[PDB]
Amino acid sequence: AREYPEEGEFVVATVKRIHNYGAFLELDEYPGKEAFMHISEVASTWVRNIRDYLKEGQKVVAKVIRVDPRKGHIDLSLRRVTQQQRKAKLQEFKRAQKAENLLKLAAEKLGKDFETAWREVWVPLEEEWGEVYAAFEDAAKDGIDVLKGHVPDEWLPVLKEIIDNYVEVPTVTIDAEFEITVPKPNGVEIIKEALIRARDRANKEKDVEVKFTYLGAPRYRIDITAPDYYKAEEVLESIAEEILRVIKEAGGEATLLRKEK
């Protein structure tokens with residue numbers, strides 16, 4: 001967005017130069033702008049050798065204690081940064097970090113310039129959404145189309161490709177419950193056996209997951225998790241017969257619940 005960090009941001013910076021009184025670091029997320037960190041901010045106790053903390057090229061997440069744009073001076077802090085504070089950022093960095101390697105990986109297949117892209121997407125996105133990666137992610141879930149109109153039509157095709165390959169495959173899920181009853185001194189025994197048989201059986205078709213949660217005789221609810229409703233609805237009907245049949249053979253009556261005709 002604007003040129004310099006915000007009063008208070010937790011930022012990431014490479015240890016450019018360091019000496020007696022402090023360290024000059026370059027903000028890895030603000031092309032070129034360089035900031036300063038006093039020695040009185042390296043630790044919560046006066047330091048003996050700043051060396052024991054900083055080292056040339058070292059990356060770090062600090063807190064913009066005070067800043068003046070008109071001059072280009074950015075004063076940084078290491079003290080005020082609790083473990084949470086830190087990883088909180090180290091995260092979003094690592095995050096947008098990938099969101100980058102993906103956009104860059106987009107200029108290579110679309111055969112364009114880094115800047116001539118980073119200005120037509122990385123910006124439209126990190127503006128419409130708040131985060132590029134998230135947009136890429138949500139594109140991977142809800143479908144590439146979530147980007148149409150928002151970025152050039154000539155992009156999408158390459159993106160879908162990239163996204164799908166490096167990002168991850170989102171999945172659907174559905175609940176359903178049965179009324180399974182088996183009159184016999186070991187009905188449970190089989191019921192369980194029954195579901196467990198059926199379960200482990202379906203669970204094998206990688207990209208599927210079935211889970212039987214008991215919830216009070218004679219109900220048991222199944223939680224199918226395929227990669228898309230098509231699948232899911234079909235995996236339930238599979239576990240339909242599978243159950244009904246098997247408990248019937250053992251003299252029971254298992255039924256699903258949804259018919260309503």
# chains A, B, ... in the order shown; residues from 1 in each chain; ligands from 1

$ select_by_dssp --residues "region 2-129 of chain A" --states "helix (DSSP H, G or I)" --output "number ranges by chain"
A: 39-41, 50-52, 83-109, 115-118, 122-128

$ closest_atom_pairs --of "region 115-137 of chain A" --to "region 144-157 of chain A" --cutoff "8 Å" --atoms "only C-alpha atoms" --output "CSV"
residue,atom,partner,partner_atom,distance
A:120,CA,A:151,CA,6.7
A:121,CA,A:151,CA,6.0
A:124,CA,A:150,CA,6.8
A:125,CA,A:150,CA,7.8

$ closest_atom_pairs --of "region 65-96 of chain A" --to "region 9-12 of chain A" --cutoff "8 Å" --atoms "only C-alpha atoms" --output "JSON lines"
{"residue": "A:85", "atom": "CA", "partner": "A:10", "partner_atom": "CA", "distance": 7.8}
{"residue": "A:86", "atom": "CA", "partner": "A:10", "partner_atom": "CA", "distance": 7.7}
{"residue": "A:89", "atom": "CA", "partner": "A:10", "partner_atom": "CA", "distance": 6.8}
{"residue": "A:90", "atom": "CA", "partner": "A:12", "partner_atom": "CA", "distance": 7.9}

$ residues_around --residues "region 49-65 of chain A" --least-positions-apart "4" --cutoff "8 Å" --atoms "only C-alpha atoms" --output "PyMOL selection string"
chain A and resi 5-20+22+39+42+74-78+80-81+86+89-90

$ write_last_selection --atoms "N, CA and C atoms" --output "mmCIF file, in the first residue's frame"
data_model
loop_
_atom_site.group_PDB
_atom_site.id
_atom_site.type_symbol
_atom_site.label_atom_id
_atom_site.label_comp_id
_atom_site.auth_asym_id
_atom_site.auth_seq_id
_atom_site.Cartn_x
_atom_site.Cartn_y
_atom_site.Cartn_z
ATOM 1 N N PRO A 5 6.027 1.406 6.763
ATOM 2 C CA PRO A 5 5.216 0.628 7.687
ATOM 3 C C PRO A 5 4.257 1.533 8.434
ATOM 4 N N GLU A 6 3.416 0.910 9.248
ATOM 5 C CA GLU A 6 2.434 1.635 10.028
ATOM 6 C C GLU A 6 2.945 1.759 11.459
ATOM 7 N N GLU A 7 2.543 2.829 12.123
ATOM 8 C CA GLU A 7 2.965 3.035 13.486
ATOM 9 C C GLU A 7 2.490 1.867 14.342
ATOM 10 N N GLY A 8 3.371 0.901 14.580
ATOM 11 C CA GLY A 8 2.985 -0.222 15.413
ATOM 12 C C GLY A 8 3.056 -1.595 14.781
ATOM 13 N N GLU A 9 3.166 -1.666 13.457
ATOM 14 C CA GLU A 9 3.244 -2.956 12.750
ATOM 15 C C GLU A 9 4.349 -3.878 13.234
ATOM 16 N N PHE A 10 4.136 -5.175 13.126
ATOM 17 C CA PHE A 10 5.213 -6.078 13.467
ATOM 18 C C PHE A 10 5.768 -6.308 12.085
ATOM 19 N N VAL A 11 7.068 -6.107 11.907
ATOM 20 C CA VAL A 11 7.630 -6.289 10.580
ATOM 21 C C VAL A 11 8.778 -7.273 10.523
ATOM 22 N N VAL A 12 9.191 -7.591 9.301
ATOM 23 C CA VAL A 12 10.291 -8.507 9.080
ATOM 24 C C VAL A 12 11.426 -7.765 8.409
ATOM 25 N N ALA A 13 12.628 -7.899 8.970
ATOM 26 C CA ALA A 13 13.793 -7.209 8.433
ATOM 27 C C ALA A 13 15.119 -7.979 8.462
ATOM 28 N N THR A 14 15.912 -7.813 7.413
ATOM 29 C CA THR A 14 17.201 -8.469 7.345
ATOM 30 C C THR A 14 18.247 -7.576 7.996
ATOM 31 N N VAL A 15 19.046 -8.153 8.882
ATOM 32 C CA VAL A 15 20.096 -7.402 9.558
ATOM 33 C C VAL A 15 21.140 -6.932 8.559
ATOM 34 N N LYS A 16 21.008 -5.695 8.089
ATOM 35 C CA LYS A 16 21.966 -5.136 7.139
ATOM 36 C C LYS A 16 23.323 -4.887 7.810
ATOM 37 N N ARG A 17 23.370 -3.888 8.694
ATOM 38 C CA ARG A 17 24.589 -3.500 9.419
ATOM 39 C C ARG A 17 24.329 -3.347 10.905
ATOM 40 N N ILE A 18 25.311 -3.725 11.713
ATOM 41 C CA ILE A 18 25.151 -3.605 13.149
ATOM 42 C C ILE A 18 26.426 -3.172 13.821
ATOM 43 N N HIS A 19 26.282 -2.352 14.859
ATOM 44 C CA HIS A 19 27.416 -1.901 15.663
ATOM 45 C C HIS A 19 27.046 -1.341 17.042
ATOM 46 N N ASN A 20 28.095 -1.123 17.834
ATOM 47 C CA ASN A 20 28.023 -0.596 19.188
ATOM 48 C C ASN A 20 26.660 -0.140 19.705
ATOM 49 N N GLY A 22 23.599 0.034 17.701
ATOM 50 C CA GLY A 22 22.383 -0.511 17.143
ATOM 51 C C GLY A 22 22.548 -1.339 15.899
ATOM 52 N N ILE A 39 20.245 -0.263 20.423
ATOM 53 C CA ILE A 39 20.734 -1.429 21.135
ATOM 54 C C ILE A 39 19.787 -1.581 22.319
ATOM 55 N N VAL A 42 17.286 -4.343 21.595
ATOM 56 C CA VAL A 42 17.598 -5.692 21.176
ATOM 57 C C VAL A 42 17.096 -6.716 22.190
ATOM 58 N N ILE A 74 12.951 4.602 10.053
ATOM 59 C CA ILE A 74 12.066 3.666 10.718
ATOM 60 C C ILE A 74 12.779 3.079 11.907
ATOM 61 N N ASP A 75 12.292 3.399 13.103
ATOM 62 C CA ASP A 75 12.906 2.910 14.335
ATOM 63 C C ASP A 75 12.239 1.594 14.751
ATOM 64 N N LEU A 76 13.050 0.564 14.975
ATOM 65 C CA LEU A 76 12.534 -0.763 15.307
ATOM 66 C C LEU A 76 12.856 -1.320 16.675
ATOM 67 N N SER A 77 12.037 -2.292 17.089
ATOM 68 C CA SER A 77 12.169 -2.957 18.383
ATOM 69 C C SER A 77 12.130 -4.462 18.359
ATOM 70 N N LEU A 78 12.942 -5.044 19.223
ATOM 71 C CA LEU A 78 12.988 -6.473 19.341
ATOM 72 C C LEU A 78 12.345 -6.871 20.658
ATOM 73 N N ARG A 80 9.666 -5.592 22.783
ATOM 74 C CA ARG A 80 8.231 -5.849 22.699
ATOM 75 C C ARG A 80 7.827 -6.791 21.539
ATOM 76 N N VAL A 81 7.975 -8.087 21.769
ATOM 77 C CA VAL A 81 7.652 -9.090 20.768
ATOM 78 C C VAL A 81 7.560 -10.431 21.483
ATOM 79 N N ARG A 86 5.335 -12.659 17.505
ATOM 80 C CA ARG A 86 6.245 -13.116 16.464
ATOM 81 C C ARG A 86 5.639 -14.054 15.428
ATOM 82 N N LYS A 89 3.229 -13.104 12.918
ATOM 83 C CA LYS A 89 3.704 -12.485 11.691
ATOM 84 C C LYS A 89 4.476 -13.497 10.877
ATOM 85 N N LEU A 90 5.474 -14.130 11.493
ATOM 86 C CA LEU A 90 6.282 -15.108 10.774
ATOM 87 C C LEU A 90 5.346 -15.950 9.902
#

$ residues_around --residues "residue 162 (chain A)" --least-positions-apart "3" --cutoff "9 Å" --atoms "only C-alpha atoms" --output "ChimeraX atom specification"
/A:102-103,105-106,157-159,165-167

$ residues_around --residues "residue 135 (chain A)" --least-positions-apart "4" --cutoff "9 Å" --atoms "only C-alpha atoms" --output "PDB file with N, CA, C and O atoms, in the first residue's frame"
ATOM      1  N   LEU A 125      -5.897  -8.205  -5.913  1.00  0.00           N
ATOM      2  CA  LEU A 125      -6.233  -9.195  -4.887  1.00  0.00           C
ATOM      3  C   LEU A 125      -5.947  -8.727  -3.459  1.00  0.00           C
ATOM      4  O   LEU A 125      -6.868  -8.623  -2.649  1.00  0.00           O
ATOM      5  N   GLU A 126      -4.683  -8.444  -3.152  1.00  0.00           N
ATOM      6  CA  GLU A 126      -4.280  -7.964  -1.819  1.00  0.00           C
ATOM      7  C   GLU A 126      -5.042  -6.675  -1.431  1.00  0.00           C
ATOM      8  O   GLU A 126      -4.727  -6.020  -0.424  1.00  0.00           O
ATOM      9  N   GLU A 128      -8.811  -6.409  -2.811  1.00  0.00           N
ATOM     10  CA  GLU A 128     -10.195  -6.846  -2.769  1.00  0.00           C
ATOM     11  C   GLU A 128     -10.367  -7.736  -1.553  1.00  0.00           C
ATOM     12  O   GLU A 128     -11.307  -7.553  -0.779  1.00  0.00           O
ATOM     13  N   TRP A 129      -9.422  -8.663  -1.376  1.00  0.00           N
ATOM     14  CA  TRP A 129      -9.446  -9.648  -0.285  1.00  0.00           C
ATOM     15  C   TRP A 129      -8.862  -9.264   1.069  1.00  0.00           C
ATOM     16  O   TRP A 129      -9.548  -9.330   2.091  1.00  0.00           O
ATOM     17  N   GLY A 130      -7.590  -8.884   1.071  1.00  0.00           N
ATOM     18  CA  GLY A 130      -6.907  -8.525   2.304  1.00  0.00           C
ATOM     19  C   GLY A 130      -5.636  -9.355   2.329  1.00  0.00           C
ATOM     20  O   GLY A 130      -4.623  -8.997   2.945  1.00  0.00           O
ATOM     21  N   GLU A 131      -5.717 -10.490   1.640  1.00  0.00           N
ATOM     22  CA  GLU A 131      -4.610 -11.418   1.502  1.00  0.00           C
ATOM     23  C   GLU A 131      -4.715 -12.119   0.136  1.00  0.00           C
ATOM     24  O   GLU A 131      -5.813 -12.492  -0.334  1.00  0.00           O
ATOM     25  N   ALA A 139      -9.962 -19.580  -4.159  1.00  0.00           N
ATOM     26  CA  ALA A 139     -10.157 -19.833  -5.575  1.00  0.00           C
ATOM     27  C   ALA A 139     -10.130 -21.343  -5.727  1.00  0.00           C
ATOM     28  O   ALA A 139     -10.899 -21.924  -6.490  1.00  0.00           O
ATOM     29  N   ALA A 140      -9.234 -21.967  -4.971  1.00  0.00           N
ATOM     30  CA  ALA A 140      -9.072 -23.411  -4.987  1.00  0.00           C
ATOM     31  C   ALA A 140     -10.288 -24.116  -4.404  1.00  0.00           C
ATOM     32  O   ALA A 140     -10.545 -25.274  -4.710  1.00  0.00           O
ATOM     33  N   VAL A 146     -14.000 -17.072  -9.022  1.00  0.00           N
ATOM     34  CA  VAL A 146     -14.070 -16.038  -7.999  1.00  0.00           C
ATOM     35  C   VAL A 146     -13.162 -14.860  -8.336  1.00  0.00           C
ATOM     36  O   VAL A 146     -13.222 -13.810  -7.699  1.00  0.00           O
ATOM     37  N   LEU A 147     -12.321 -15.044  -9.345  1.00  0.00           N
ATOM     38  CA  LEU A 147     -11.389 -14.016  -9.761  1.00  0.00           C
ATOM     39  C   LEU A 147     -11.820 -13.294 -11.021  1.00  0.00           C
ATOM     40  O   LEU A 147     -11.316 -12.215 -11.326  1.00  0.00           O
TER      41      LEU A 147
END

$ decode --residues "region 15-50 of chain A" --atoms "N, CA, C and O atoms" --output "compact mmCIF listing (two decimals), in the first residue's frame"
# COMPACT_ATOMS: atom_id res chain seq x y z
N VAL A 15 19.05 -8.15 8.88
CA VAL A 15 20.10 -7.40 9.56
C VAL A 15 21.14 -6.93 8.56
O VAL A 15 22.05 -7.68 8.22
N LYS A 16 21.01 -5.70 8.09
CA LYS A 16 21.97 -5.14 7.14
C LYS A 16 23.32 -4.89 7.81
O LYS A 16 24.30 -5.59 7.54
N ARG A 17 23.37 -3.89 8.69
CA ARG A 17 24.59 -3.50 9.42
C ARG A 17 24.33 -3.35 10.90
O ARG A 17 23.27 -2.87 11.32
N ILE A 18 25.31 -3.72 11.71
CA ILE A 18 25.15 -3.61 13.15
C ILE A 18 26.43 -3.17 13.82
O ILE A 18 27.51 -3.57 13.40
N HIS A 19 26.28 -2.35 14.86
CA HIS A 19 27.42 -1.90 15.66
C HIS A 19 27.05 -1.34 17.04
O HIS A 19 25.87 -1.16 17.38
N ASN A 20 28.09 -1.12 17.83
CA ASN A 20 28.02 -0.60 19.19
C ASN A 20 26.66 -0.14 19.70
O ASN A 20 26.19 -0.61 20.73
N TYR A 21 26.02 0.77 18.98
CA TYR A 21 24.75 1.34 19.39
C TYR A 21 23.49 0.76 18.80
O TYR A 21 22.41 0.97 19.33
N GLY A 22 23.60 0.03 17.70
CA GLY A 22 22.38 -0.51 17.14
C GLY A 22 22.55 -1.34 15.90
O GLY A 22 23.62 -1.86 15.62
N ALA A 23 21.46 -1.46 15.15
CA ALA A 23 21.48 -2.23 13.94
C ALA A 23 20.56 -1.61 12.92
O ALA A 23 19.44 -1.20 13.23
N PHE A 24 21.06 -1.54 11.70
CA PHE A 24 20.30 -1.01 10.59
C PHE A 24 19.83 -2.22 9.86
O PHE A 24 20.63 -3.06 9.46
N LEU A 25 18.53 -2.33 9.68
CA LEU A 25 17.98 -3.48 9.01
C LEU A 25 17.20 -2.96 7.83
O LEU A 25 16.82 -1.78 7.81
N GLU A 26 16.97 -3.84 6.86
CA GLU A 26 16.19 -3.47 5.69
C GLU A 26 14.90 -4.28 5.77
O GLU A 26 14.92 -5.50 5.94
N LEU A 27 13.77 -3.58 5.67
CA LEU A 27 12.48 -4.24 5.74
C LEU A 27 12.26 -5.12 4.51
O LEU A 27 12.13 -4.61 3.39
N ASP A 28 12.21 -6.42 4.72
CA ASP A 28 12.02 -7.35 3.63
C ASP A 28 10.68 -7.22 2.94
O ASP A 28 10.45 -7.86 1.92
N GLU A 29 9.79 -6.41 3.50
CA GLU A 29 8.49 -6.23 2.89
C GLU A 29 8.21 -4.81 2.44
O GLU A 29 7.06 -4.44 2.20
N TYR A 30 9.27 -4.01 2.33
CA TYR A 30 9.15 -2.62 1.87
C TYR A 30 10.35 -2.28 1.01
O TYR A 30 11.18 -1.46 1.39
N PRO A 31 10.43 -2.87 -0.19
CA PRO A 31 11.50 -2.70 -1.17
C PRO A 31 12.40 -1.50 -0.99
O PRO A 31 12.00 -0.37 -1.29
N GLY A 32 13.62 -1.73 -0.51
CA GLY A 32 14.56 -0.63 -0.34
C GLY A 32 14.61 0.17 0.97
O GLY A 32 15.71 0.49 1.43
N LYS A 33 13.45 0.50 1.56
CA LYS A 33 13.40 1.27 2.81
C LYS A 33 14.18 0.55 3.90
O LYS A 33 14.00 -0.65 4.10
N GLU A 34 15.04 1.28 4.60
CA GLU A 34 15.85 0.69 5.65
C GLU A 34 15.52 1.31 6.99
O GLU A 34 15.33 2.52 7.10
N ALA A 35 15.46 0.46 8.01
CA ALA A 35 15.12 0.91 9.35
C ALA A 35 16.25 0.69 10.35
O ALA A 35 17.19 -0.06 10.09
N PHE A 36 16.13 1.36 11.50
CA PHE A 36 17.12 1.29 12.56
C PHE A 36 16.58 0.70 13.85
O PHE A 36 15.45 0.97 14.23
N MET A 37 17.42 -0.07 14.53
CA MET A 37 17.04 -0.66 15.81
C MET A 37 18.12 -0.29 16.81
O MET A 37 19.26 -0.70 16.64
N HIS A 38 17.77 0.46 17.85
CA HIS A 38 18.76 0.85 18.85
C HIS A 38 19.27 -0.40 19.54
O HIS A 38 18.78 -1.48 19.27
N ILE A 39 20.24 -0.26 20.42
CA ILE A 39 20.73 -1.43 21.14
C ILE A 39 19.79 -1.58 22.32
O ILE A 39 19.54 -2.68 22.82
N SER A 40 19.24 -0.46 22.75
CA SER A 40 18.31 -0.46 23.86
C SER A 40 17.03 -1.17 23.51
O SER A 40 16.08 -1.13 24.29
N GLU A 41 16.97 -1.82 22.35
CA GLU A 41 15.75 -2.51 21.95
C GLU A 41 16.03 -3.93 21.51
O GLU A 41 15.13 -4.65 21.09
N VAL A 42 17.29 -4.34 21.59
CA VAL A 42 17.60 -5.69 21.18
C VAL A 42 17.10 -6.72 22.19
O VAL A 42 16.59 -7.77 21.80
N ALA A 43 17.23 -6.39 23.48
CA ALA A 43 16.79 -7.27 24.58
C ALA A 43 16.15 -6.49 25.73
O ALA A 43 16.26 -5.26 25.79
N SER A 44 15.51 -7.20 26.66
CA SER A 44 14.85 -6.56 27.81
C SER A 44 15.83 -6.37 28.96
O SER A 44 15.43 -6.29 30.12
N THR A 45 17.10 -6.29 28.61
CA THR A 45 18.20 -6.11 29.55
C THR A 45 19.33 -5.53 28.72
O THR A 45 19.54 -5.97 27.60
N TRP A 46 20.05 -4.55 29.25
CA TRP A 46 21.15 -3.97 28.48
C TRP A 46 22.06 -5.10 28.00
O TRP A 46 22.42 -6.01 28.76
N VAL A 47 22.44 -5.04 26.72
CA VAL A 47 23.25 -6.07 26.10
C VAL A 47 24.74 -5.90 26.34
O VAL A 47 25.20 -4.78 26.54
N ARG A 48 25.48 -7.01 26.33
CA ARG A 48 26.94 -6.97 26.51
C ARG A 48 27.57 -6.86 25.10
O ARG A 48 28.38 -5.96 24.85
N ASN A 49 27.17 -7.76 24.20
CA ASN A 49 27.63 -7.76 22.81
C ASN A 49 26.38 -7.90 21.93
O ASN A 49 25.69 -8.92 22.03
N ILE A 50 26.06 -6.92 21.09
CA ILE A 50 24.87 -7.09 20.26
C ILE A 50 25.04 -8.35 19.43
O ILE A 50 24.07 -8.96 18.99
